[PDB]
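Enquirer: I need the structure of the sequence given here:
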Amino acid sequence: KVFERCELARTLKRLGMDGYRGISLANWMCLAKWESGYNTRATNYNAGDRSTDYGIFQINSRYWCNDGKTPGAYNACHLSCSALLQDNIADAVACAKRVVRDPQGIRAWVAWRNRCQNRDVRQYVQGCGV
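Expert: Numbers count the residues shown, from 1 in each chain. Sure, structure below:
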């Protein structure tokens, strides 16, 4: 599923992402935008270290979900990476919250540091009714 901007903003709000661990909805929107273009099916194999990024938030298999093919990996979200490829993003959201409960918080994703951090992300949620 490729979410439309405002559709995603309201879905994320309903899921309790607005201000979760201090992270505004617009930050999550900015993150999803750059990680996948709001696409829940997006995947990216990382030939460098044998791990794969999954879903709308491009969550990595080395530590967050289990795909059985990443060496010495962990499954902190305790989900099969398949759960991160569903149209329904409830599981991906559960996992993104798990990610940010760690010290780095939203900084866990480098694309967020590159495209969202210290930027005006208000545009992401404008007119969405959130």
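
Enquirer: Residue 108 reaches residue 98, doesn't it?
Expert: No - under the criterion of CB atoms under 8 Å, residue 108 makes no contact with residue 98, lying 10.3 Å away. All C-beta spots, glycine's among them, are computed from the backbone N, C-alpha and C.

Enquirer: The two: which has the busier surroundings?
Expert: Set side by side, residue 108 and residue 98 show more neighbours around residue 108, with 19 against 15, by other CB atoms under 10 Å.

Enquirer: Spatially nearest residue to that one (excluding sequence neighbours)?
Expert: Take residue 108 and drop its neighbours on the chain: the residue closest to it by CB to CB, 6 or more residues apart in numbering is residue 99, 5.2 Å away.

Enquirer: Okay, that neighbour and residue 20: tell me how far apart.
Expert: 11 Å (CB to CB, to the nearest Å).

Enquirer: Same question for residue 61.
Expert: Using CB to CB, one gets 23 Å for the distance from residue 61 to residue 20.

Enquirer: okay, those two: which has more neighbours?
Expert: Taking other CB under 10 Å, residue 61 and residue 20 do not tie; residue 61 has more neighbours (25 against 19).
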